[PDB]
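Everything below concerns the one structure shown next.
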4 protein chains.
Amino acid sequence: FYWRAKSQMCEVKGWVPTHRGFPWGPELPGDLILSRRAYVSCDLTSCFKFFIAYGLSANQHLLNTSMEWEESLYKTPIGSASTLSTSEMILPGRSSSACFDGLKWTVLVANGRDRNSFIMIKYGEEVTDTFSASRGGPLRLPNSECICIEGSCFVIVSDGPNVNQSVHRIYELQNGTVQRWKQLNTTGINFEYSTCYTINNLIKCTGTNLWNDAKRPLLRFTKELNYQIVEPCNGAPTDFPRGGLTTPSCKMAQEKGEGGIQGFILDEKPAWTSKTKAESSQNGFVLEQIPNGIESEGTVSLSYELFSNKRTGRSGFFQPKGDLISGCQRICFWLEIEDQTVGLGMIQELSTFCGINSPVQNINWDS
Amino acid sequence: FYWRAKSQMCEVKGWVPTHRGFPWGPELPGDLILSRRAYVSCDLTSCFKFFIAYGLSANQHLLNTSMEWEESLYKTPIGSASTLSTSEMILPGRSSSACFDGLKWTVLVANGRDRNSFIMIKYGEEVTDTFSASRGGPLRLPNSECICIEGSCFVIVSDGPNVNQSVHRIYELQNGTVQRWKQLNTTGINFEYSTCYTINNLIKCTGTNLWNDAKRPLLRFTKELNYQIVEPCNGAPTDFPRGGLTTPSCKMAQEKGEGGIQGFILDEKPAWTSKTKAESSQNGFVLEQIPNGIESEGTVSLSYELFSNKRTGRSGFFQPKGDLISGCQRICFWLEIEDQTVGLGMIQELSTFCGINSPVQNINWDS
Amino acid sequence: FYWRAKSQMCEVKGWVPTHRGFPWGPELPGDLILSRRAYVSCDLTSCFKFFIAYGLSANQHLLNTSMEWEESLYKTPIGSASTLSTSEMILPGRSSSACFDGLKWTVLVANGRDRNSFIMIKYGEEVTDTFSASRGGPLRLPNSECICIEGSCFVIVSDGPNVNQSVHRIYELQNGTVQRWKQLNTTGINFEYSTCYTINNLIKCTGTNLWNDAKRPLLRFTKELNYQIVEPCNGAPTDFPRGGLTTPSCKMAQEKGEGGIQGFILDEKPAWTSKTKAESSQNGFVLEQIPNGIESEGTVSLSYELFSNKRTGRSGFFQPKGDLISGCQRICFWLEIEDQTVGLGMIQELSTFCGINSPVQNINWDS
Amino acid sequence: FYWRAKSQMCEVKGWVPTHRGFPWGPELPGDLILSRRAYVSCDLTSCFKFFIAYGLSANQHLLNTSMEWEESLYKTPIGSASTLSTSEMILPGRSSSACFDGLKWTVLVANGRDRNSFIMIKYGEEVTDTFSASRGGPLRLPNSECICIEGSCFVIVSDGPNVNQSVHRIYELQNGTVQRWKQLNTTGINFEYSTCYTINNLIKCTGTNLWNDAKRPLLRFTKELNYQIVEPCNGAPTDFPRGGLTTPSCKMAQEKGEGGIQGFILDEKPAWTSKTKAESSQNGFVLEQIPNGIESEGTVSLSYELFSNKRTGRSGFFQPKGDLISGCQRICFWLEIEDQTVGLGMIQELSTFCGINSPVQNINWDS
Ligand SMILES: *[C@@H]1O[C@H](CO)[C@@H](O[C@@H]2O[C@H](CO)[C@@H](O)[C@H](O)[C@H]2NC(C)=O)[C@H](O)[C@H]1NC(C)=O
Ligand SMILES: *[C@@H]1O[C@H](CO)[C@@H](O[C@@H]2O[C@H](CO)[C@@H](O)[C@H](O)[C@H]2NC(C)=O)[C@H](O)[C@H]1NC(C)=O
Ligand SMILES: *[C@@H]1O[C@H](CO)[C@@H](O[C@@H]2O[C@H](CO)[C@@H](O)[C@H](O)[C@H]2NC(C)=O)[C@H](O)[C@H]1NC(C)=O
Ligand SMILES: *[C@@H]1O[C@H](CO)[C@@H](O[C@@H]2O[C@H](CO)[C@@H](O)[C@H](O)[C@H]2NC(C)=O)[C@H](O)[C@H]1NC(C)=O
Ligand SMILES: *[C@@H]1O[C@H](CO)[C@@H](O)[C@H](O)[C@H]1NC(C)=O
Ligand SMILES: *[C@@H]1O[C@H](CO)[C@@H](O)[C@H](O)[C@H]1NC(C)=O
Ligand SMILES: *[C@@H]1O[C@H](CO)[C@@H](O)[C@H](O)[C@H]1NC(C)=O
Ligand SMILES: *[C@@H]1O[C@H](CO)[C@@H](O)[C@H](O)[C@H]1NC(C)=O
Ligand SMILES: *[C@@H]1O[C@H](CO)[C@@H](O)[C@H](O)[C@H]1NC(C)=O
Ligand SMILES: *[C@@H]1O[C@H](CO)[C@@H](O)[C@H](O)[C@H]1NC(C)=O
Ligand SMILES: *[C@@H]1O[C@H](CO)[C@@H](O)[C@H](O)[C@H]1NC(C)=O
Ligand SMILES: *[C@@H]1O[C@H](CO)[C@@H](O)[C@H](O)[C@H]1NC(C)=O
Ligand SMILES: [Ca+2]
Ligand SMILES: [Ca+2]
Ligand SMILES: [Ca+2]
Ligand SMILES: [Ca+2]
Ligand SMILES: [Zn+2]
Ligand SMILES: [Zn+2]
Ligand SMILES: [Zn+2]
Ligand SMILES: [Zn+2]
Ligand SMILES: [Zn+2]
Ligand SMILES: [Zn+2]
Ligand SMILES: [Zn+2]
Ligand SMILES: [Zn+2]
Ligand SMILES: [Zn+2]
Ligand SMILES: [Zn+2]
Ligand SMILES: [Zn+2]
Ligand SMILES: [Zn+2]
């Protein structure tokens, strides 16, 4: 009676937006909480945006408050703008993860800048657990939904002061309580900003290598925490920044591998890849289907240019949990759309897209 | 246990407003979402306004945002003003239709400008289906409630680049999923802006001919999609624009037939007709009873001038679904009231009127 | 299972405020709906303010809208300020009455200025009945809660163009549907602004005589509509305007009998009387207990000066319906408190007071 | 089926913030209700801030209203800012107490300045009881949650015109109705601002001595109202103002004993103490663990500096009531954080911290 994915993932032949971002910019209404590190996650009924607040607007500018350095996590329904009257403060935190197990929300937040850093866990309204940095901190949560299968919830936690040598662990939770953890062998790479989905009792995640790779590393693991980390084997890297296309291999792409941005790869057969339109700008977003999976040479069948000119940012998976018509498990993603404002710089608003089995035209969503 | 109309339609001897529009103009409060292509539709408990947002007010003017060209459908309870805190974003879309089958909302939206145009369907929160333009697009939904009978939902979809030769289809849906469609034979006419109701297991609709008619074409069909299209046989055309009264016949009225505006005809015996007060202005709204039905010569018995001077616009049917006192099926309509503002031009607000069996005075609702 | 009063009314030895009015003036927040002809009425769970809107504030002034002459009834929870986000539009109307029968709300509104005047009735969300003026109009509802006993709801409806010769009827409703009505014999008086309560299967009401009396006429009737109209027999009139104390008798007090303001008398033994502090100003509010009932000579035992200086206005009864601790039926009243504003003249806000069996000090509620 | 504490209190090895205060200052949004004498209390599902309103913001300043001297109690969910749209007016009052017994809220408020002073009690929405000052008034409620065990609710009520000789009583309530009261023998001390928790069918409270003590007096009592009042036996006083450390004894600390501020002591073994960082300023907040209990010499094991520089104020206990994971009873506290504003002086916002059994780093929560 706890939640678990439907037995098979739906075929995906295209992606339709279920929500464009609230279309702010160059102006925006007062009383809006401005957000970063937002992601979406759903209960059995509807979906919510989870986010770190960093400011509140009024007259086109930021209210001078302490919101930027006193970081707290908030929640807002997907269908509502993020105002004070409509958003709820959940916990203090600078990064986070959240997921509904069918019964209650499990919410994790990290606080503290270095060795003082620690993670708190909430189950429903009740704080149920804590743990500390083990490798110098700061502890870092993914800013994407954690993954629940039949009452067990899994999240990737990062540690270490440098991308030089980060440490990453899978924590397994029940009732908001750590049952165990496994340290991953990630020698030679960096694996931040994990975004994940579940199917076939497995959990799959796409990382961001901020150290030495413009391709995105992939993690796959079971509920017993047996795992593998693999590299995409095409020659089209998907991080930003990145370099140009190279010949397909299983090697990392190290040209411009430094830095990066949260993003995802649908690790199925067919596999889908996603990235900005060009390598020179954070503009547009392109989804490409690879029939033979991400460990093939990468031959692209379908290719959708969902955004062409609009500046874009982080993206990640989320899964609908209470579908009643689909016999199969749907997959969706959230994506930051970036808008310039007149009075408070650049802002991020989430759009959401879901996979559908039926094909569709290459519509540009800029307008 | 799915919804179906009560067995007989209530006698209608007059129309009372159940909601005047929010009385904005020349001024209006900040944080209001300004709307177009609004209509109402109800669940088993209360009623909602569905609409395409095109702007957000502040200090009497439009916030410069991207709301106008990034079109999304929203929903607000009938009894509330359409503010950010109270309205919910449902789906991206430039035209739409919505209807509650007794269990969940079925919502359709159309997006794309020409051959890229396509329709998405939502059942509850779950996107359940899509289909594309077949005749060049854009696909166009009615902007009025779709019609559900015992779990099957019906809506009219228009296609084609010109009113010159539009194509129109009835789509039949279950669980937000297309079961079939039938193309209508509409050679020689144009049938947009369909607004519909159901009674006696039938569905009846009034169209707007934007090509060659100032009378409104009428569609009647069964759940097996057997249908007929008939022309009103009076000599008093009800579109706007239109020309003067002519001698009653079953011919179309082609004087000023070009263009038009969504509107309705209650296709019963007696039939009710509805139109602006005069042919020269979009002012007032007049409801006229024709005892012998719309295919008679049109002799008018009752005649109510609900608005005299106030500028008016689109209108359409909606049906209450959870009446518990009435033994019979009530019928209502929504109507745009147009208000001039000081700082953002002309706006539309919906009023709603319902039929009652008891007669009433010819009150003018301007004030 | 329909609602009915508890078998006996609680002893009342004093009155405590359960809500002061929102303390606006000289300033008030923007987005507030300004109200008149407000009263309170309760479901089985909590209580609501019902009111006619006449404006919306912004920057201390009235938004220039059409709200004043397009009158609509709204509802707001007692514990909330009356903003757009929190208030609900119910029906168009210039006067009204409302009452919950245990199952649904029955709501009546009157619209139209003279012979066109008519009343509409809502049961839950469903309009269930209408009737017209019979004596020239306008039809007038009390602006206080109607009274429901075991599924039958009663309200006083006034008619006629002059206080010179008004006509008053009791309408009996079930499911928002008129079952019958009885015209009262009110020759020689005027009986507007009825405010009522129920106990012992009876319904009792206090009127306002706008024609020839500064005492308040009292109506008492049964569910079979057998009734009596009696005059208070003290010499202390309670209308405003009024003249000074006179010697106790059953005669009307005609000095300054012209005009008046809605108000109440608790018609029990002991009886309670209520009025402004002095006859020269609408200031303060005084409640006086008369052990021998309102048809005695009026000897006053308890006397509470609840307000001394604050300007006050209309007042009326309401009854809590879902008490679970009290074995007896409580009685409360609402009272307008008048506040001067800097930018939109004088406003009215409701306070609510309830009777308690325990005595209490003569606290002044001005501050 | 009424609420009672879990059988044992959880071990507490540290304190984590479950909510930082809304980070206002130097600026804050309009439409905010500014509050004082706030505390938190929970139902079986979530938690609420209870508070006395004293103003409403707009454009960085206080709206000139009557809110400051017409004092009313309000309630807001912990996770929401305290705006008009989101806060609910409960009762008029200048001090208060509230507690959920598992079924309904019991709410007490005090009104009146001296001998007219009295207390009103609400059970759910129903006013159920009243009583008057017995020793000259004003009656004073604690401004912290009252305590419910199995349907009986207990609160400390203070009386008397001077801290010179205040009188304090325990009132026992059921269904919002006083069953009895016991006067405490508090000769030689003053015991205001009681903040309390329950465990082991006992109720424990920490007072504030505004007369002659910089240590905090402690009250412990049973449901039969057998009680004891004891003095902390360390030499580190916790009131503010206070003097420096002295040698441990059971004597009161009278240096700077005059005045004080609401605050708490966790009266267990180990005991926790809490106070500002230094004696010279109301800055920071420090929690210190005393393994041997508050009646020992006070040897400190753990010591957490939760705030260092930030100005702080009142603090008190609250208990979560609907935990489902913890087998034991959790304990939390609320704490005022003080922020300077540009346009309305100094404000107070509540943060909440809960005890956890796992240890944690000495993180500074200033930023
Ligand atoms: C931990 O993972 C690292 C990285 O994958 C493993 O090191 C690699 O081992 C293979 C041989 O099987 C080499 O071809 C790679 O070049 C190695 N990479 C580096 C940088 O060492 C390592 O073997 C794993 N350790 C354990 C204990 O299994
Ligand atoms: C499709 O509908 C059209 C329009 O009603 C039909 O054409 C009409 O047919 C009648 C004869 O029955 C003529 O009197 C009209 O003048 C025709 N209109 C035009 C412009 O052609 C047509 O027959 C229908 N087609 C089919 C296959 O049934
Ligand atoms: C209707 O009510 C009026 C007013 O009470 C009645 O008229 C009064 O009758 C009594 C005699 O019983 C006189 O003493 C009053 O002076 C009368 N008032 C006036 C102005 O007429 C009248 O009798 C009632 N009519 C009916 C049919 O019962
Ligand atoms: C009421 O409490 C007071 C204060 O605790 C008691 O007075 C104290 O009694 C002890 C002796 O047992 C003395 O050592 C203290 O110095 C006393 N304090 C003062 C100021 O009197 C008092 O005995 C209690 N009264 C009753 C009736 O029990
Ligand atoms: C906000 O306030 C602080 C002073 O209290 C200041 O450091 C900062 O510069 C202010 N922000 C702006 C934009 O002036
Ligand atoms: C869709 O509707 C049909 C109605 O016949 C119903 O039987 C079925 O449960 C619905 N689909 C699913 C799989 O829920
Ligand atoms: C809104 O912004 C864009 C520039 O970014 C501009 O094209 C448009 O004119 C602006 N609107 C107004 C009213 O100036
Ligand atoms: C109206 O009220 C009566 C009460 O006697 C009840 O029996 C009936 O169900 C109600 N009307 C309908 C048709 O629901
Ligand atoms: C409101 O608008 C109308 C003009 O459209 C005008 O008659 C009225 O004077 C205006 N109100 C004020 C206060 O100017
Ligand atoms: C008040 O509480 C008691 C608990 O013993 C309960 O029995 C009773 O039902 C409550 N009072 C009433 C009349 O509801
Ligand atoms: C608020 O209003 C009253 C006058 O009605 C005045 O006493 C007080 O000074 C005003 N407040 C301010 C800040 O001027
Ligand atoms: C935690 O989850 C387990 C699932 O196996 C469940 O049995 C248990 O009830 C939960 N914990 C508690 C004490 O509620
Ligand atoms: Ca990289
Ligand atoms: Ca036309
Ligand atoms: Ca009078
Ligand atoms: Ca002190
Ligand atoms: Zn920080
Ligand atoms: Zn946002
Ligand atoms: Zn290939
Ligand atoms: Zn567009
Ligand atoms: Zn609107
Ligand atoms: Zn005829
Ligand atoms: Zn009017
Ligand atoms: Zn108000
Ligand atoms: Zn007497
Ligand atoms: Zn006061
Ligand atoms: Zn606040
Ligand atoms: Zn020791």
Side-chain angles (χ1 to χ4, degrees), chain A residues 5 9 12 15 37-41 95 97 99 140-147 154-158 163 166 168-170 184 186 188-200 202-222 227-242 250 252-253 257 259-276 282 285-290 292-296 298 300 306 312-319 329-336 350 352-355:
Chain A
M9 171 163 302
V12 180
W15 306 84
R37 311 196 279 266
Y39 53 94
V40 351
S41 189
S95 70
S97 191
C99 49
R140 319 186 278 281
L141 285 156
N143 312 308
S144 189
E145 74 172 353
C146 40
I147 296 295
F154 308 84
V155 54
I156 306 291
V157 175
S158 297
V163 295
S166 55
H168 317 269
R169 293 177 174 187
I170 309 171
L184 301 174
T186 58
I189 72 173
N190 167 246
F191 200 109
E192 316 272 346
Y193 302 160
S194 172
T195 179
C196 308
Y197 63 99
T198 182
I199 197 71
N200 306 132
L202 258 20
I203 139 87
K204 310 184 187 181
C205 299
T206 299
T208 296
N209 189 318
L210 296 177
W211 175 21
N212 55 10
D213 199 2
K215 274 173 187 183
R216 293 190 175 283
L218 291 56
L219 170 70
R220 306 164 172 161
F221 66 91
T222 68
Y227 72 98
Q228 47 180 270
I229 288 169
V230 307
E231 184 82 359
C233 294
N234 58 357
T238 65
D239 205 356
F240 187 92
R242 67 177 177 274
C250 282
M252 298 163 62
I261 192 163
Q262 184 161 29
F264 67 89
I265 292 184
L266 184 58
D267 179 22
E268 305 292 320
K269 286 189 191 181
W272 287 85
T273 243
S274 69
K275 55 165 135 58
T276 63
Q282 283 179 287
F285 202 64
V286 181
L287 270 281
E288 290 172 333
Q289 186 198 45
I290 303 172
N292 292 325
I294 199 61
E295 292 183 277
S296 71
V300 175
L306 298 176
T312 60
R314 298 167 47 254
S315 49
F317 295 116
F318 72 95
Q319 289 174 295
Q329 182 58 58
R330 287 193 304 138
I331 180 85
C332 311
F333 67 90
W334 50 259
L335 166 66
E336 289 176 338
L350 298 186
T352 61
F353 285 78
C354 293

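These values consider heavy atoms only, across backbone and side chains, with no hydrogens, waters or symmetry-generated copies. The sequence lines fix the lettering, A, B, ..., with proteins before strands; numbering per chain opens at 1.
At least one side-chain heavy atom of A/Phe221 sits under 4.5 Å from a side-chain heavy atom of A/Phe154. By the 4.5 Å heavy-atom criterion applied to side chains, A/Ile331 and A/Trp15 are counted as neighbours. Residues A/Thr186 and A/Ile229 meet the side-chain proximity criterion, which asks for heavy atoms closer than 4.5 Å. Within the 4.5 Å cutoff, no side-chain heavy atoms of A/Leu287 are placed close to those of A/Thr273. You'll find the side chain of A/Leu219 stays beyond 4.5 Å of the side chain of A/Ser194, heavy atoms only. Side-chain contact between A/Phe317 and A/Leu266 is present, with at least one heavy-atom pair separated by less than 4.5 Å. Considering only heavy atoms from C-beta on, A/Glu268 stays 4.5 Å or farther from A/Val12 through its side chain. Using a 4.5 Å heavy-atom threshold, the side chains of A/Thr208 and A/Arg216 count as touching.
A donor-acceptor contact shorter than 3.5 Å links the side chain of A/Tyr197 to the backbone of A/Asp267. Although no hydrogens or angles enter the test, the distance criterion places a donor-acceptor pair under 3.5 Å between the side chain of A/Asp213 and the main chain of A/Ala253.
Annotation for A/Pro217 and A/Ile189: closest pair CB-CD1, 4.3 Å, computed over non-hydrogen atoms. Heavy atoms only, all atoms of each residue included: A/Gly260 and A/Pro241 are closest at N-CD, 3.7 Å. Pairing each heavy atom of A/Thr238 with each of A/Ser274, the nearest pair is CB-O, 3.5 Å. Minimum interatomic distance between A/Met252 and A/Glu231 (heavy atoms only, all atoms of both residues): CA-OE2, 3.1 Å. Contact record, A/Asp239 with A/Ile261: OD1-N, 2.9 Å, taken as the closest heavy-atom pair. Nearest heavy-atom pair across A/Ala214 and A/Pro237 is O-CB, 3.2 Å.
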TODO: Go through A/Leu350 and A/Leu335 one step at a time and tell me if the side-chain contact (heavy atoms from CB on, under 4.5 Å) criterion holds.
DONE: CA-CA 5 Å; A/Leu350 298 186; A/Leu335 166 66; over 6 Å; no
- [ ] Could you give me the CA-CA distance, side-chain angles and deciding distance for A/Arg314 and A/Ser144, then say whether side chain to side chain donor-acceptor pair (under 3.5 Å) is met?
- [x] CA-CA 10 Å; A/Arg314 298 167 47 254; A/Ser144 189; over 6 Å; no
- [ ] For A/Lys215 and A/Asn234, run side-chain contact (heavy atoms from CB on, under 4.5 Å): C-alpha distance rounded to whole Å, both residues' side-chain angles, the deciding distance at 0.1 Å, then the answer.
- [x] CA-CA 9 Å; A/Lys215 274 173 187 183; A/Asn234 58 357; 4.3 Å; yes
TODO: Take A/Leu141 and A/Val157 through the side-chain contact (heavy atoms from CB on, under 4.5 Å) test and state the conclusion after the steps.
DONE: CA-CA 5 Å; A/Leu141 285 156; A/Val157 175; 4.1 Å; yes
- [ ] For side-chain contact (heavy atoms from CB on, under 4.5 Å), just list the numbers for A/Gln262 and A/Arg37, CA-CA rounded to whole Å, side-chain angles, deciding distance to a tenth of an Å, and then say yes or no.
- [x] CA-CA 10 Å; A/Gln262 184 161 29; A/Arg37 311 196 279 266; over 6 Å; no
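Taken from CZ in A/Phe240 to CD in A/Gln282, the straight-line distance is 4.5 Å, to the nearest 0.5 Å. Note that the CZ atom of A/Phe318 and the SG atom of A/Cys354 stand 4.5 Å from one another [nearest 0.5 Å]. Taken from NZ in A/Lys269 to CE in A/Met9, the straight-line distance is 15.0 Å, to the nearest 0.5 Å. One finds the CG atom of A/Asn212 at 7.5 Å from the CG atom of A/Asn190 (value rounded to the nearest 0.5 Å). Here A/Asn200 contributes atom CG and A/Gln329 contributes atom CD; the two are 10.5 Å apart, rounded to the nearest 0.5 Å. Between atom CD1 of residue A/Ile147 and atom CD1 of residue A/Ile170 there is a gap of 12.0 Å, rounded to the nearest 0.5 Å.
The sulfur atoms (SG) of A/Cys146 and A/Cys99 lie less than 2.5 Å from each other.
Put simply, the residue from A/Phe353, A/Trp334, A/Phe333 that forms a ring-ring contact (aromatic ring centres under 6.0 Å, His included) with A/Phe264 is A/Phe333.
For CZ of A/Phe285, the number of neighbouring non-hydrogen atoms (other residues, nucleotides, ligands) closer than 6.0 Å is greater than 12.
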